[PDB]
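This document starts with two versions of one protein chain, written out as structure tokens and named structure 1 and structure 2.
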Structure 1
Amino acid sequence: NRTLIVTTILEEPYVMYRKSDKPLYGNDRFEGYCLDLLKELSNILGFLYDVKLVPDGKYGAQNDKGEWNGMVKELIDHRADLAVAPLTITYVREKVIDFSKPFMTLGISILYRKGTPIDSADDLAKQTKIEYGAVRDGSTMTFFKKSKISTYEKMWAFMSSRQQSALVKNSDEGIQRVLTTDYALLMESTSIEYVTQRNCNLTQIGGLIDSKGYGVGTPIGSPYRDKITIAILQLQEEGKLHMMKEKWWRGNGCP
């Protein structure tokens, strides 16, 4: 009857600080898609838990020494029983940790101002006037860093160049950069949808350049590993995941 440690990260509208004049403590301090998800899992599988924000505020990437950081690291060193956040399922990650069936699908795309002639990653990679980058130490950064596709290698050379600092610490910083300067942020599509519907001067440029999903993470060889995936299929089957997405993404839109 262990009380599980859940590693996660701040990211709208997956995990956010609950607004209240009543100083909150514990898991009550947070709310969002992922917390509703963790709550469902908690009830479907009957387990206790304590939400812990990843110390370094990173999603997780492997440096030069093959050393991991972020939530991925927290799982590897068994400092967390599971990770419940917008954690991207990737091949390189599956080498060191486990992922449940996906609870949400998405893909890398481009967030930029509207009304410009830019229409694709190619239009971005061929030029240098418009600055562009991604969140440091995330699956999108490594996608470009390790790509063998000519276009993306050229983009990585630009966003990682010494001439400048094209990468951003987190999504907020990236978004602010797009709104105040001539910058395009390569970001995952479900967040681009969220951001553009709340910033009508912004838009997605082109379509998704890859296709993947978010899954619950657990240390390889975890006893919960199978139950988690079962509960996910149940939530998906019952239309529950769809309801949760709609609940947190609902808004006035752009007209």
Structure 2
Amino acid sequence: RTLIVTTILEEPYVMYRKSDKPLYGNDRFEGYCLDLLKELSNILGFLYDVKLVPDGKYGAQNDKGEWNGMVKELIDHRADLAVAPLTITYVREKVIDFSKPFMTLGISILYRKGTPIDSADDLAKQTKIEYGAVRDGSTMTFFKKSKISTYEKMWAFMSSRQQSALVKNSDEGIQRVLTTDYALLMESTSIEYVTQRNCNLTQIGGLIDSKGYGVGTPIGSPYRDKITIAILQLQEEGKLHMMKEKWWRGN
């Protein structure tokens, strides 16, 4: 066959390949997820056709409870697999299958090096260093929904003053950390990408939660089990580690 793979542009998982002339088909894209897709293809033996998700969304439910994004593409059988940094959540797991995670991670703190701040507790107990998250992002939502005291206090601070401590998107957030006295709460995968490329920034403290990214399949897929096993094989052989360093290691 040719499997249709839904995916989404997200640096450095899936990016348009630099070119001086128009590119076509799978040659338009490169990145960690394209390399993962290639390894999966080699192990399981399938051909594939990468299609960016038309609405540019990962997948969530609206007020009606209808799904969108890559999740919807799988539900509607317009895609055979989603190979993207798609977070495994029980709400999605109800409607699609997920492989074993190919990346495990958690929320953490991006800030400057050389300071006395060593945890979320240290941020929460003060107000001089501003801190926040990308508005309407996965991490902001974690804080908004937390029932843990420290994280409730943090959300109160973040959501205070008309949410001035929140940012529009990740690049704005990263530049806010660089230019001002500000700490950004974000997924640790994104933090490591930034700290690899900005020597004066660091992850502060450990991970505040745990989550993982998995390959999405429609429920009933003949590829479900085989994908999990292939990811286990790639982890054991050190290949996931190699592909991560390929795309994350920076200047």
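What we label the rigid core is the largest C-alpha set whose atoms superpose within 1.5 Å from one form to the other. Every residue number counts along structure 1's sequence, beginning with 1.
K.L.:
Give a yes or no answer as to whether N63 and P117 travel as part of the same rigid body between the two structures.
P.N.:
No; in the rigid-body motion between the two structures, residue assignment puts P117 in the other part from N63.
K.L.:
Superpose on C-alpha atoms and tell me the smaller rigid part's rotation against the larger one between the two structures, in °.
P.N.:
The angle the smaller part turns through between the two structures is 25 degrees.
K.L.:
Once the two forms are fitted on their rigid core, how many angstrom does the CA of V178 move between the two structures?
P.N.:
Reported C-alpha shift between the two structures: 7.0 Å at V178.
K.L.:
What is the C-alpha shift for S161 between the two structures, rigid core superposed, to one decimal in Å?
P.N.:
In the core superposition between the two structures, the C-alpha of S161 moves 10.8 Å.
K.L.:
Superpose on the rigid core and then read off how far the CA of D21 has moved between the two structures, in Å.
P.N.:
Here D21 registers a C-alpha shift of 1.3 Å.
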